[PDB]
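> Residue numbers (the authors' numbering): 1 to 32.
Note that CB positions come from ideal geometry on N, CA and C, so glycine has one too.
Would you mind keeping the following structure in view while I ask a few things?
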């Protein structure tokens with residue numbers, strides 16, 4: 001993993017090359 005980018009656990013790499021980090025919008029809570 002010797003590089004400037006580096007995509008450890010959580011960063012999913014795509015076939016194109018871009019790295020999609022786990023930043024997807026989860027289920028909108030409801031306070032209570």
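Sorted by chain position, which residues of the same chain lie with C-beta nearer than 8 Å to residue 22's C-beta, five sequence neighbours on each side aside?
Closer than 8 Å at the Cβ level, and outside the excluded window around residue 22, lie 10, 11 and 12.
> When the Cα atoms are used, what is the spatial distance from residue 20 to residue 8?
So the alpha carbons of these two residues sit roughly 11 Å apart.
> Sort out for me which residues DSSP pairs residue 19 with in a bridge.
In the DSSP output, where bridge partners are listed per residue, residue 19 has 13.
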